[PDB]
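Quick note, the sequence shown lines up with residues 20 to 26, 35 to 490 if you use mature numbering (1 follows the signal peptide of the UniProt record, and there is no 0).
In this text, a Cβ means the ideal position worked out from N, Cα and C, and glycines have one as well.
To keep things clear, I will list the structure first and then write my remarks on it.
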Amino acid sequence: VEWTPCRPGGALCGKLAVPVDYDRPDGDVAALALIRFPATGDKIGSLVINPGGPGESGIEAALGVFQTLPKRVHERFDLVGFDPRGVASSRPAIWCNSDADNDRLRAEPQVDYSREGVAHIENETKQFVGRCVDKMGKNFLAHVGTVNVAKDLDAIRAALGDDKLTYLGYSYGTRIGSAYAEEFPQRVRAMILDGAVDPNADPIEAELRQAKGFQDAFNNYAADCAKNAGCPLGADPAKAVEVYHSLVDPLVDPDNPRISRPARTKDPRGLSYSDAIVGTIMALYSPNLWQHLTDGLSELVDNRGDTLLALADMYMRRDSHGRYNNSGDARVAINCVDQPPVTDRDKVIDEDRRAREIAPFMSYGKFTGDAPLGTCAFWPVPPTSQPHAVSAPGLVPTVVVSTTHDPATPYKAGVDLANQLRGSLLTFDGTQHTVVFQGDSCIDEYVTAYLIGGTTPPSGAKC
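The structure is reproduced here in structure tokens:
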């Protein structure tokens with residue numbers, strides 16, 4: 020890797044070629060983008076991070092993380108982020124939707140699960156999969172999965188001059204981690220997995236656990252807000268879900284589920300029901316955003332939706348010129364190849380039945396007896412991985428950080444990952460998704476000690 024300064036730190040940027048198909052090593056090539064913040068003291072090696080998603084840029088993440096890196100870590104490690112194959116600055120980038128495509132979807136309430144509804148959604152999905160194949164070709168799409176990102180990660184380790192890998196992975200990044208752990212166990216110096224993905228999970232049950240996670244974060248946010256003056260969800264947290272629906276349900280035409288009646292906003296779009304739900308989900312990643320949710324809901328009381336629109340934009344990664352980054356398109360393409368998709372109609376219909384009961388804050392009206400297949404049921408390229416218990420017997424002891432009320436990657440998933448990995452569980456008591464290098468000096472203390480000294484947290488370490 021020829022490094023160059025970056026066109035906000037001591038930052039150096041560079042590229043790395045990897046083969047698109049590893050079985051055809053001298054074929055098409057991808058250029059992975061890399062950023063590096065050199066260590067200030069005695070360098071142990073590079074701390075390579077990944078934010079997850081998938082579709083999330085590691086370069087962007089390293090820039091953020093840089094501001095909150097502890098001084099002992101920054102002394103001893105190059106902070107290094109990278110964009111996985113097909114993501115962000117890596118070429119070729121995954122793209123399916125135009126900016127207009129994304130906008131057009133987000134304007135729809137996406138709430139009608141009648142047969143006509145389901146046919147509509149499923150038709151949009153086919154057109155989406157078509158735009159993917161059109162712009163990317165089936166070969167690149169076939170090899171964007173974690174199984175090959177794991178292999179890129181070893182190339183990155185090597186290219187960085189490290190004998191063994193020191194890795195911090197958040198969320199989906201914990202899948203990269205455990206995958207790398209299984210293929211290159213003898214190359215792992217240290218590894219922290221914060222916000223855990225259990226590769227052995229049933230996809231449907233995981234989804235339903237994630238729905239439960241967000242409904243509980245909703246419960247927690249609303250109980251908090253109920254103690255506060257002028258809570259837009261009311262002073263009785265047992266009624267917050269209903270009150271929430273009295274605020275968002277009118278964004279859908281009562282006699283016709285397909286008609287959006289958006290709340291007024293300074294932006295031309297206004298706020299659709301779907302964007303209202305998305306912005307809510309976004310705010311529930313972190314208590315840091317609870318104030319914003321409370322603002323967004325107070326706005327709704329006046330038929331305004333500016334803050335919720337801005338939250339959904341944050342989630343959707345839409346800048347203020349209405350341009351999207353490719354994280355949405357990459358996320359799907361990568362998710363779709365990491366496991367076999369659910370194609371059974373009945374299971375999909377049953378999940379919806381169960382989801383409406385587990386997470387009412389998210390569901391609109393009544394169970395209809397029908398539900399759409401996910402985008403992955405229509406993928407033109409087969410899964411390059413498959414659910415299994417992580418098995419990496421000689422793996423160095425790793426640290427899994429799991430948060431008690433994490434809506435995105437629930438606590439138990441952290442427990443199970445640590446189990447399979449035979450590593451350490453460090454609990455964070457909180458209602459948020461991930462926590463490492465995000466202000467909590469206790470967590471950071473354990474993580475610093477593990478990174479430098481190799482010292483794992485004691486059994487039952489809580490923080």
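Going by DSSP in three states, residue i sits in which element: helix, strand or coil?
i           : result
residue 105 : strand
residue 266 : helix
residue 479 : helix
residue 487 : coil
residue 160 : helix
residue 375 : helix
residue 277 : helix
residue 314 : helix
residue 395 : coil
residue 140 : coil
residue 369 : coil
residue 421 : coil
residue 328 : helix
residue 305 : helix
residue 100 : helix
residue 400 : coil
residue 323 : helix
residue 381 : helix
residue 260 : coil
residue 152 : helix
residue 408 : coil
residue 390 : coil
residue 51  : coil
residue 223 : coil
residue 213 : helix
residue 358 : helix
residue 166 : helix
residue 115 : coil
residue 435 : coil
residue 416 : coil
residue 471 : helix
Between which two residues does the alpha helix (DSSP H) holding residue i run?
i           : result
residue 443 : 438-448
residue 462 : Where residue 462 is concerned, there is no enclosing alpha helix (DSSP H), given that its DSSP letter is neither H nor E.
residue 342 : 333-343
residue 202 : 200-210
residue 179 : 173-186
residue 121 : Taken as a continuous stretch (DSSP letters only), residue 121 belongs to no alpha helix (DSSP H), as it is neither H nor E.
residue 235 : 230-253
Where do the ends of the beta strand (DSSP E) carrying residue i lie?
i          : result
residue 91 : First-last for residue 91: 85-95, but that is the alpha helix (DSSP H), not the beta strand (DSSP E).
residue 64 : 56-64
residue 72 : 72-77
residue 42 : 39-46
Which residue or residues does DSSP assign as beta-bridge partners of residue i?
i           : result
residue 455 : 430
residue 218 : 194
residue 298 : 290
residue 131 : In DSSP, residue 131 forms no bridge with anything.
residue 351 : 345
residue 24  : 39
Pop quiz: residue i and residue j are said to be a contact at Cβ under 8 angstroms. What is the actual Cβ separation, rounded to whole angstroms?
i           : j           : result
residue 44  : residue 86  : Contact doesn't hold; Cβ gap of about 17 angstroms is too wide.
residue 49  : residue 175 : 6 angstroms
residue 479 : residue 76  : Not a contact, Cβ separation roughly 16 angstroms.
residue 363 : residue 402 : 7 angstroms
residue 100 : residue 89  : No, residue 100 and residue 89 are not in contact; Cβ-Cβ is about 12 angstroms, not under 8 angstroms.
residue 477 : residue 426 : 5 angstroms
residue 80  : residue 461 : That pair is no contact at about 12 angstroms.
residue 38  : residue 353 : Incorrect: roughly 22 angstroms between the Cβ atoms, too far for contact.
residue 385 : residue 238 : 5 angstroms
residue 343 : residue 351 : 7 angstroms
residue 224 : residue 194 : Not quite, the Cβ-Cβ distance comes to about 15 angstroms (not below 8 angstroms), so this is no contact.
residue 29  : residue 398 : For residue 29, nothing is modelled; it lies in the interval where the chain passes from 26 to 35 with no residues in between.
residue 57  : residue 119 : 7 angstroms
residue 172 : residue 357 : Their Cβ separation, rounded to whole angstroms, is 11 angstroms, which puts residue 172 and residue 357 out of contact at 8 angstroms.
For residue i, is the beta carbon positioned less than 7 angstroms from some heavy atom of the ligand PLP?
i          : result
residue 38 : Only the bare structure without any ligand can be found here, which leaves the ligand PLP out of the picture.
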